[PDB]
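The same protein chain appears twice below, in two forms, each given on its own as structure tokens and labelled structure 1 and structure 2.
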Structure 1
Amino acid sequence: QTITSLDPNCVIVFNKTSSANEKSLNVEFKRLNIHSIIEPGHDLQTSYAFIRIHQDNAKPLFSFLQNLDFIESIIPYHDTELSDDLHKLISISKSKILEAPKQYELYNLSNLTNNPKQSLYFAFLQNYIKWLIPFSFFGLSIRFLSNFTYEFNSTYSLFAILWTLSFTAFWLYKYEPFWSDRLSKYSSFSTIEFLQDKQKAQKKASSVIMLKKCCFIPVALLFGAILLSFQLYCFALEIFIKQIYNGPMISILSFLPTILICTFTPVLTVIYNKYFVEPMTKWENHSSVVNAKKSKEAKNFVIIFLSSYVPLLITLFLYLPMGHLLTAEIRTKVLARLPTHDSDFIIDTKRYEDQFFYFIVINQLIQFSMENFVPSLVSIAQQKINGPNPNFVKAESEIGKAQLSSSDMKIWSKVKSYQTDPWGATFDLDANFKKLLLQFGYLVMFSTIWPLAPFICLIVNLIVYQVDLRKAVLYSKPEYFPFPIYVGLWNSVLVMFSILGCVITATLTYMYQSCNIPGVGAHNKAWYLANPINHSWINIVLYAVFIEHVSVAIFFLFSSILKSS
């Protein structure tokens, strides 16, 4: 028999190290009625079991596999008809790329793959694009019709606040409940949950778990304080180098704070996870691995939020508002006798523009490249440095021994890519949702600086939707079966981002629409010696609090109206 004729619907990758037990025969005698082909795997000590299970012999086989407890993973392989349907769906998606994705395509994808995670993520992405289209058109109208007075526009800020609140409420109470109900209709067997949640006694005292989660709040506060302190130090060093330094090579030295922060953040994150996040999440004793992963994501988002949004917050709330104070004798009050300018300290009136352009254009491309091209380049470099870098080889020898045909080799290579290739890993809902929410946070907090940010985000999200759909449908390891075999944190992050973005947008429009900085917002030769903002810090803070309360009330009203429907 050949693998192509068998047309496997499932692949069992298991270790054959225990040749004394001879796992292969135990695996064969279990499948007394369903035919299978077992071939050596990518590793020396692993083998693939290509099987043709159906609705009938699914539950007993999977119960035996769970009892066997030496199976690495179970892959619900896509049959020929399913692969052809998915390829047709991908080709249809490729056509009309400029047009917004249609939700009937989402229905078809959810019907075919039966994957609640992928369908939920792509539903969020489709809703995001559909809502970004009018936002992009309004941003273009504000940018070009209003001409020079496009920064910190009151009209744009009101539209942005209303759009943020309505989009968040609509997703939370109109579209996400729809998709959760439709995907719980399937609620099909998930192989990743199996062989990871066995002997689920549970009774883990959910109250004690919640109490243990609260015990991490001091640790999160401490590490956030350390990171924020180092970010402030790096910002101060950058300002010192660029403005009040008189060195020969200030152009080269201006990259030093960037290197320092981009080196300190990974090391701090490594220490954070190794010594606090992992041990304390273990101590929480979560019943399920999904809950433990959610807890780790919640703990780790404190660092990601600060690393993402602290620079712009610093620029817009500490640097520009308080830059005239550094002009005074504070500089001379603050040891190596480096050459420093003795003239007045003038703030960079275009610092926020450049920073937001980087964080909304260049950073998006950088993250896209890191998540798409970087793993493949790393794998290619590893193979170039050492041909058989893991020294397992076994591939050409397996081809010679098995005499596999072209289609057999294609299926074997697909399974090997599932097991080893980074792009073949299981679809990660958390990572994609995190990246989308970071882009959303940038857009809803700082887009009043540049009304074209929604348009950039729309184009980026169209391309990202196409690429992610291709990857999840064609390369990602399948997780769900067509037949039964017997968001959470990011919603809270979205709500917090919406409230914070409304607050920050309104406050930034308040301070900077009619400020004294030339060329900032709407329309003295010594403007930099006085307060650039025409409102006292008391007014700014009170206005921020008032806008926070107003936004919370409006979101509550929207949530009530949509929940009633």
Structure 2
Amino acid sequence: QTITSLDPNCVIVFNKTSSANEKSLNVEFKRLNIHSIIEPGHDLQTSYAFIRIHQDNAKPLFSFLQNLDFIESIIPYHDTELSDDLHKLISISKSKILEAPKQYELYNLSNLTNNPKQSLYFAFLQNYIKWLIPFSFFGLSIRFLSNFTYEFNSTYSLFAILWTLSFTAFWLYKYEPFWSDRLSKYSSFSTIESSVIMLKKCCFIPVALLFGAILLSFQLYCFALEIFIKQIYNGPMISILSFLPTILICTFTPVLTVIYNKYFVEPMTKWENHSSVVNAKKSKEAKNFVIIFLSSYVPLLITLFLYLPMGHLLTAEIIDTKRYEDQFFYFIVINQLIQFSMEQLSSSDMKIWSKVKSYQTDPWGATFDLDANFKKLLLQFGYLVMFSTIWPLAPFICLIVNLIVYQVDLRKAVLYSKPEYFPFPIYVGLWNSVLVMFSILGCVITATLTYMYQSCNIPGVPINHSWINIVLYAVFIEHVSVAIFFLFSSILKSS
């Protein structure tokens, strides 16, 4: 018998160190009911177990495997016909690439892959693209038909606020209920398988605040150094010194992140002692999102809320009128492009063996990480909601990047990602609250920015207002946005 003729439904990868003992021999007798073949693993301390299971002899095998406690991992490998079906789904997906993804495609993927975790992220991306199409069209129209005042235009900002609140409410209370119903409704088997915890988690707030203060102070100092070298420093090599601010932040941020995770995030997450590992990973992601937030948006907020307004004060011991334009260009086009760029057995038996090996070793063969894929989308959303009023072409670039990212991620998560959910039944959370916070913050910042710079004294865009009126308007916009979001949430929840 050969692996190809077997058409395995699952691989029981165990450490070959334990398979040196006859436990691997014993599990063969335990598998007297279903065919199995054992082959050496990727390394000398692993050995694959290509087995085929049905809906009948599924629960006993996993009930044994739970107590076996000598298995490295378990993968619900796709068989030949399922692999062909998913290849055909991908082939249908690649055609009409420029067109928005269609809902019925996601239903086929959810019925075939049976992965609610993938379905949730892909539904979020589909909703994002569908809502971004009208925003992209509106941005193009306001940029071209109303090119006279394409920067900080009142109508575009009203549309941005309304679109942000409506999209957040619609996703939270009209689509996410349906799609997350599949998280527990199907929940066939994730192959991975109280108040004191919340009290302990609250104790990390001062630590996050302190580290955010450290990061903010360093970034402010780096901005001061950059403005120094670019305005009032008269050295010969201007260009060479211009790289110092970028390398300084690009070397301090990873160091701060690594010390943060090594000494604060990991020990405190261990101290919390979460029941399930998924909760521990979610808590670590939530704690680590503060650094990402303060490293992604802080430079633009410093350039906009400070620098441009208060530059005239710091003349004693001419501001760049277009600094924010190129900064936003770099953070909305170049940065997203970079992120996309960096992120004796027979031939068929060897193909299956290499597929399992890629599932176990290669970075693209790792299991679908919903958190790391939601984080990039939410960061792009924050960029599109907080600063699209600067450049109305941000929705269009975001839409194009989203289409490319969707077409790449579908292929990766379907063909190469290690499966997690079996077809046969056997025995979002943080990114919603972060999305809501991003929506409110984006509405506030957009309204405040357009109040500030609609009649700004800087040519081609100081403020004809005071530091009191701006803050009062920001508070008013925050309150009105919260009220509008509450009304939308109630209206959509009643359905």
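If you superpose the two forms and keep the largest set of C-alpha atoms that fall within 1.5 Å, you have the rigid core. When a residue number appears, read it as a position in the sequence of structure 1, where counting begins at 1.
Annotation: the position in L452, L429, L183, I239 displaced by at least 2 Å at CA between structure 1 and structure 2, with the core superposed, corresponds to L183. The Cα position of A20 differs by 2 Å or more between structure 1 and structure 2 after fitting on the rigid core. Taking the core as the reference frame, the CA atom of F148 shifts 2.9 angstrom between structure 1 and structure 2. Here the rigid core is superposed, and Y358 then shows its C-alpha moved by 0.5 angstrom between structure 1 and structure 2.
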